[PDB]
């Protein structure tokens, strides 16, 4: 038997790439799950204390709220370790959270007096689903989106820098009408930013409604309380999530599919970018900074990890929203992997950022391919001939002068070179 460390970890998420994924440890690990379960339970008790229709839980003093707030906003590793020890006796992970809170409540008579209202009328999935939404919110807002925007801005900076650099296009791998290198990078920024907006806009849904979605227990004890209004206030007001009014025992997980589908679309664009840049490197269009070749390993590591991320995202999106009758428990183990596709994504984003920072233009190779391709000028000549109802630089001057076009058109056509035939690529690139 070998002790666990990054050297011995089976998955490279916590192994080879442990340093790239460490920002997810407070969020998606069992520690993070425990952290958010504690937060939800604490806030639920505070909600009952604030609710005048639940007189059995009175408003808390500053002293009692200080203790509760410390558990919900300054959670310590020792609390999670204690919950793991408690779970040895409860054989149930959410019940262990309840008992930790009961142990903490025993420190103050004011909290001990209402210890039986911890988890009041709740089912385990009331705590779990809100925890998952809060985990996804923190992962999305504090880790994933910042890296996504860093990629977009890094590519934008290069697109503007290279906006005026003419470059031969390749369609089906072969010469095509010219563009600029900055324009080809700007195209990627625009696609990535569409998906960033979609990722940021996904509603993160939560519920709190008891065993099967119908507030049965709540209404047996407190028939006069509007539990649906309380649930919406708790979820939207206290927790800052979006309310899901119709559920079974579980929140149905459609929004997780929505979020993972959006991240996967961002990742697909980044795969396309990683492969195109690998190709530009193979052509010698980029070189090493400070010609020394640039090794494309960072783009390749990114590409490999994005494919794994997307395979996990696709599976979770396809499988999570199917649950037998009022639920089966297959989702419990699967939801322990909410951070794994995110981990492979952020490994890839860091790698793509590292690769982008190594890129320096090799203008000589770019110009070499463009000047060797005067065939790209057949298209503008044909289009000008077509307007007026009608290869080498030397041949172009004699051909154009013999055309039945206005002399002003011949003057501009005769000045045409492959590097000049870029349309409005540069203006489009500059304003990305």
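Residue numbers count along the first chain shown, from 1.
Deposited residues absent from the coordinates between residue 372 and residue 373, none, 1 to 3, 4 to 9, or 10 or more?
Nothing is missing between them.
Can you count the deposited residues that have no coordinates between residue 73 and residue 74 and report it as none, 1 to 3, 4 to 9, or 10 or more?
Missing residues, residue 73 to residue 74: none.
Per the entry, where is the mean C-alpha temperature factor higher: 135 to 143 or 109 to 117?
That would be 109 to 117.
Given 375 to 383 and 65 to 73, the range whose Cα B-factors average higher in the PDB entry
For C-alpha atoms only, the mean B-factor is higher in 375 to 383.
From the list 223, 321, 213, 284, select the residue with the highest C-alpha B factor recorded in the entry.
Spelled out: the listed residue with the top C-alpha B-factor is 223.
For the listed residues 411, 18, 24, 10, which one has the largest C-alpha B-factor as given in the deposited model?
Checking the PDB record, the top C-alpha B-factor among 411, 18, 24, 10 is at 411.
Chain-relative CA temperature factor third for residue 191
It belongs to the lowest third of the chain when residues are ordered by C-alpha B-factor.
What third of its chain, lowest, middle or highest, does the C-alpha temperature factor of residue 45 fall into?
Middle third, going by the recorded CA B-factors of the chain.
Position of residue 292 among the chain's modelled residues by C-alpha B-factor, lowest, middle or highest third:
Highest third, going by the recorded CA B-factors of the chain.
Of the three thirds of its chain by CA temperature factor, lowest, middle or highest, which one includes residue 273?
Residue 273: CA B-factor falls in the lowest third of its chain.
Grab the CA temperature factor for residue 162 from the record and place it in the lowest, middle or highest third of its chain.
CA B-factor rank for residue 162: middle third.
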